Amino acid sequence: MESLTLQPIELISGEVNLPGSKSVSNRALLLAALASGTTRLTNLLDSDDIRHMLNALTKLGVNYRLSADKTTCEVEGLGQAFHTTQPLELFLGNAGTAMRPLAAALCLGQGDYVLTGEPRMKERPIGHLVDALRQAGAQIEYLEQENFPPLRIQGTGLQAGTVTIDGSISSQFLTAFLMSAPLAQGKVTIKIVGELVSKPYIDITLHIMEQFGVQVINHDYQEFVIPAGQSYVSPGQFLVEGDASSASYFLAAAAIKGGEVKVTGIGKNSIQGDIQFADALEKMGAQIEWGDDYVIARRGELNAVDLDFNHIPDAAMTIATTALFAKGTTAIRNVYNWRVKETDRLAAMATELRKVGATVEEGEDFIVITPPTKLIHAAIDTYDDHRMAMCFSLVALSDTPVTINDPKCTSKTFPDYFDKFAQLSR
């Protein structure tokens, strides 16, 4: 076990050039592999989740070149589904954006695969996706527990026709099926049976699919039609947006202890839903300036809010620790799927927030946070969850230190987090 103790930080100010978006990166890499032509990606994220995708693509026979700095990557598209001739084991860490999309895509071609990862990934649901894939003819075996990885998949092709996807636990099941659908044997219709959470991530998927030359008919997020005969064609150059979830910590830091912070790589017209974290901060009293390729947060005040955060579940965690600095009791609602992510985040957040002095109601799908007058120095457990480390770093914006256990867990999406935070810490 390792730990990092951050002494109290008296002022936050500066600028951060954001790491690339994890969500965008993994979608673009998979579509680049399937597409015709070479995709020239820039601002790609270097993090564990991307590394696992890259490693899978290597095993799957994709030729690519990654720059020394790991942000520039040229991917030679296969122009078809994967075709492999020896059984492969794909270790996918705890990367949902690799596991879910690859579970679908590997059904399209020819080969034999075991999709696995870290212990926690074996405890994250995938049954809703498998059920839909099987409707379209897939051959998928649960190797351990029913409805969970690890999976054994044999390539079969996916049939034309109508399938049903439950959207209530993860949007990633729909994302995964959408991405594979153009390579099915004909027109695909996806009917949603179990209302959709994390809706903005579907918007990301559709947007990037269009960049790669594929049209999808979205009938009010309840039915999606993917017309027949389409193929992915590389857009050529592809710029990955900066990560809006990663930005949340620095915008919040300014809201708490600024000063002002400018983050670059996201702006008013970015596709990522998590830019909407800035709208929530603004409701708390931060001053927000929107640019085209930047967002600025400036200290104003911090008042508690009571909002539905289903649209921004990842950045919503940042509100939980920001709430420690707000006037009044904050409620973060409609975030059930916190429970099925890197850890059970509702349980973890409740435990750790109480350790720094907050009083907390942990609801089934919500959390209510009453800040302490005086923050307590605690050794925060991070649960193999990058965001627990990043959210709790903000505690040091008080007059009190915070100790972060296993600080390297930030590597899932943001290996250089602490250095960027330090840059701002005056």
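Residue numbers here begin at 1 and follow the sequence given.
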> Averaging C-alpha B-factors over each stretch, which comes out higher, 191 to 199 or 251 to 259?
Replying inline: 191 to 199
> Between 334 to 342 and 182 to 190, which has the larger average Cα B-factor in the PDB entry?
Replying inline: 182 to 190
> Out of 219, 120, 311, 355, which shows the largest CA B-factor listed in the entry?
Replying inline: 219
>> If I read the C-alpha B-factors straight from the PDB entry, which of 281, 126, 347, 244 is highest?
In response: 281
> Mind checking which third residue 143 falls in for C-alpha B-factor across the chain?
Replying inline: highest
> Which third, lowest, middle or highest, does the CA B-factor of residue 70 fall in along this chain?
Replying inline: highest
> Should residue 212 be placed in the lowest, middle or highest third of its chain by the C-alpha B factor in the entry?
Replying inline: middle
> Among the modelled residues of its chain, does the C-alpha B-factor of residue 155 lie in the lowest, middle or highest third?
Replying inline: highest
> Relative to the other modelled residues in the chain, which third contains the C-alpha temperature factor of residue 86: lowest, middle or highest?
Replying inline: highest
